[PDB]
Structures are given as C-alpha cells and as structure tokens.
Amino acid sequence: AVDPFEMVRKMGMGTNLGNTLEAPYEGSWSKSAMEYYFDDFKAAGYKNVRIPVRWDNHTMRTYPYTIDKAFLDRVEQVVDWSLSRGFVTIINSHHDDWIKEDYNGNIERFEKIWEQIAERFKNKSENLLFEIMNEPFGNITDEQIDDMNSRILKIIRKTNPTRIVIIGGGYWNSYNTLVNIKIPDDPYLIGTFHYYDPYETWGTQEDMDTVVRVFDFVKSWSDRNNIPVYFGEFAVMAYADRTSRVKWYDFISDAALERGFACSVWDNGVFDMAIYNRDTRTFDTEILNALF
C-alpha cells in the first residue's frame, strides 16, 4: 500500500470543513455540508479536506454505544463527495470531550465508536485517513494518551490493515514544543501537531520566528522518527489587522510545505475565521493566493 510519506506529499495544502459535523448537531453552527462545497474546494486548488466529526450526540450514551445508522449514512455521503473529487479525506473524533472527563469510564464507548467507523469505512479508498482524536492533549495523562492511541489503532487495524492513521505527535505554543517519544510500531502512521497552551494578537515578526523554530524542531522529530507531519488546523488565532492575516497565511504555507508538511487550513465558515463563503460560493481570493 501507499506509505505515509507518499500520502503526505499528495495531501499538500487543504482545508477544514470546520464548525459543521463537529458541532453538537450538523447545521447548528455553520451551514451543513453540501456537495457543491467540494466542487468549489477543488476549483480553489485544495488537495485535501479535513472533516471534523463529533460522534457524541449520534451515539448511544449506554452500551452497546451504537452510532445512529442515519449519521453513519450522512458521514459516508460527505466522505464520498470528498473522495470522488480526488481529495485526500480526513475524518476524526472532534469535540468528543466526554472521553477526557472520565477516561476509565468512557474508553469503551470511544472504542466502540471507532470499531463502528472502521467497520463502515473499511473498503474506502487509501485517500481516506483516520485521525484518532482532534486534541489528545489536555485533561488526560500521557499514559492514557498512549493507551488510547494503541488500542484505537489496534481496533482500526482489525478491519483496516494498511489505512494510514493520524495520531498526535505533540503540540506547540509561544513558549515550548512537546513531541511524543512513544510511537506505535506501525508502518502506516502520520503525526499531527496543533497549537496548545496548558495555561490558556497574532502575526508579529516575533510570532514568525517562534513558528519557524517549532517547525524546525518538528522537522527533526519527523526525520528522526521516520514519521511524516500534518498540521491539520493552522491559522486558528485571531489577527491584528487584514495585512497581518494575509501575511500569516502566506508564511505558514511556505514554511510548512518547504519542510514537506501536509496542511489543512482552519475554515469555520463564518463571515471570524473563514475563507470560503458557503452562501455566496466565493473565496477570499487574496488568502487563497497566499496559500498557493
């Protein structure tokens, strides 16, 4: 099968379908997924689409933790729109915070959710990737993070033996960068990094120097561990003025793609932090130009 390095090269620069299927219920935040979004994403030049999904309210809270068939149907529909247009397509668990609130108590429910996702999408193209969990870091120990990754990977591998899986490689903020040392012995892994600050504006000259340093350290990590890197939601901060914002998109893309990283820009569909207008079907073309 296609190895993670080939996949990351193919992924290039892409977009999130933010604030949609990872809302508590689809459409309750930003506009629901429509097929034409993907026509527009393709015409825009995007090479991947990350599709955040919150499984919580579409899954039984009690055993056997079945995901509503209609929701699985709906996610498959959206996935099939993305895959058929040639996008590398990423699905995940996103905003399923209930698992961090009680790991021991909720790990079985999380396992069964992934058991069902893996089962449903087992025959999908190599271009569909599984991202185990959006932000593994936070109210949960390292031991539990490593435990989660191991067992969800193993569950995935039962039905998806070579499908590339995205796990948290670590995180970064203005003060430090953390990287995982314990990486499962598996040949089909991509490592992902998000902004995270345990003690929780942007676009200055200093902010850029910070990001290059982060990117360089992540690159060393990438080289040393033989794992390619994916920044699945960059440009999540708010910006001082228009000119900073555009420059920042331009800078992140250059720096990432020079180091061979795959990227998905955060786009929440709000006109806040949006590039694609889902109502007018237009893009902020200056930001797109900055991305390509």
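The numbering used is simple: start at 1 and walk along the sequence shown.
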### Query
How many residues sit between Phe271 and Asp272 in the deposited sequence but have no coordinates: none, 1 to 3, 4 to 9, or 10 or more?
4 to 9
### Query
Just how many deposited residues go unmodelled from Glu200 to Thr201: none, 1 to 3, 4 to 9, or 10 or more?
4 to 9
### Task
Would you mind comparing 233 to 241 and 31 to 39 for me and telling me which has the higher average C-alpha temperature factor in the entry?
233 to 241
### Task
Identify the stretch, either 135 to 143 or 184 to 192, whose C-alpha atoms have the larger mean B-factor according to the entry.
135 to 143
### Selection from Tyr103, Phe215, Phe130, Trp81 [criterion: highest C-alpha temperature factor in the record]
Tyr103
### Summary
Per the deposited entry, the peak Cα B-factor within the set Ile164, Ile99, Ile91, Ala118 goes to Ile99
### Message
Quick check for you: using the entry's CA B-factors within this chain, is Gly45 in the lowest, middle or highest third?
### Response
middle
#### Entry: Chain third (lowest, middle, highest) by recorded CA B-factor, residue given as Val265
lowest
### Task
Would you check the entry's CA temperature factor for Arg157 and let me know if it's in the chain's lowest, middle or highest third?
middle
### Entry-reported Cα temperature factor of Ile51, expressed as the chain third it lands in
lowest
### Message
Which third, lowest, middle or highest, does the C-alpha temperature factor of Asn173 belong to within its own chain?
### Response
middle
